[PDB]
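Structural overview
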Amino acid sequence: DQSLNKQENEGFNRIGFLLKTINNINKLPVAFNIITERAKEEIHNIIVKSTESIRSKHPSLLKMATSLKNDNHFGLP
Amino acid sequence: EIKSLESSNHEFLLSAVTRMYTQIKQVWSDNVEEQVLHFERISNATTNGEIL
C-alpha cells in the first residue's frame, strides 16, 4: 500500500484503516487520542476482558486451588 | 494574456485559504506541542512554526 502510493487476507486492515484513517482532516491530535486511550485502556481492556469471559463463561473455578494436587501436579490435567 | 489570466488564480490567493484552512485543520499538530504555549499550565512548549 505504501508501494501503491510511493478478501485478500486481510483486506479490512489496510482498507478500513486507510479509507478511515486518511479521511481525517485534523488528524494530528486524534492520532495521539487513539494512542493515549488505546494503550492502557485497550490493553487492559482486552487482557481483562477475555479472562473475565472465561471467568464467568464456564466457571466453575472448581478445581479451586489445585484441588490440593501435590505439588508439582504442575498443570497436570 | 490567457497564459496570464485564464492561467487561473495563481494569483495564488487560495494559499490564503490554505493559510486559514490550514491554520485551523492543521492546528492539531503545531499547537499539539503548544497548547499552553507561552506558559506551562497545560504543559506545552511555545513552538508552532511559520512554515507556509
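Residues numbered from 1 in each chain as written, not as in the entry; some residues may be left out. Chains lettered and ligands numbered in written order. Part of a larger assembly, values for the part shown. Heavy atoms only, no water. Residues with missing side-chain atoms left out of burial classes, pairs and counts.

Its PDB header attributes the entry to cryo-EM and lists the resolution as 15 Å.

1. Some words on the overall build of chain A
Per the secondary structure count, chain A includes 2 helices and 0 strands. With the C-alpha coordinates of chain A rotated into their principal frame, the extents come out at 60 × 30 × 25 Å. (Helix = DSSP H or I, 4+ residues; strand = E, 2+ residues; numbered from the N terminus.)

2. Here's the deal with the overall build of chain B
Broken down by element type, chain B carries 1 helix and 0 strands. The C-alpha atoms of chain B give a radius of gyration of 17 Å, which is well past the 10 Å a tight globule of 52 residues would have. Projected onto its principal axes, the C-alpha coordinates of chain B cover approximately 55 × 15 × 10 Å. (Rg over C-alpha atoms; globule rule 2.2 N^0.38 Å.)

3. Focus on helix α2 (residues 27-57) of chain A
Spanning 31 residues, α2 of chain A covers only 40 Å between terminal C-alpha atoms, well under the ideal 45 Å at 1.5 Å per step. Along its length, α2 of chain A reaches its greatest deviation from straightness, about 45°, at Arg-38 of chain A. (Expected span 1.5 Å × (residues − 1). Bend = angle between axes of the 7 residues up to and from the residue.)

4. Re unusual backbone geometry
With omega at -25°, the peptide bond leading from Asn-70 of chain A into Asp-71 of chain A counts as cis. Position of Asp-71 of chain A among the secondary structure elements: in the segment after α2. Cis geometry is adopted by the peptide bond preceding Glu-11 of chain B, which originates at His-10 of chain B and carries an omega value of 0°. Its place among the elements puts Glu-11 of chain B in the segment before α1 (14-24). Not every positive phi belongs to a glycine, and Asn-9 of chain A is a case in point at roughly 60°. Here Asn-9 of chain A shows up in the segment before α1 (11-21). With phi around 55°, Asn-72 of chain A is a residue other than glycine that occupies positive phi space.

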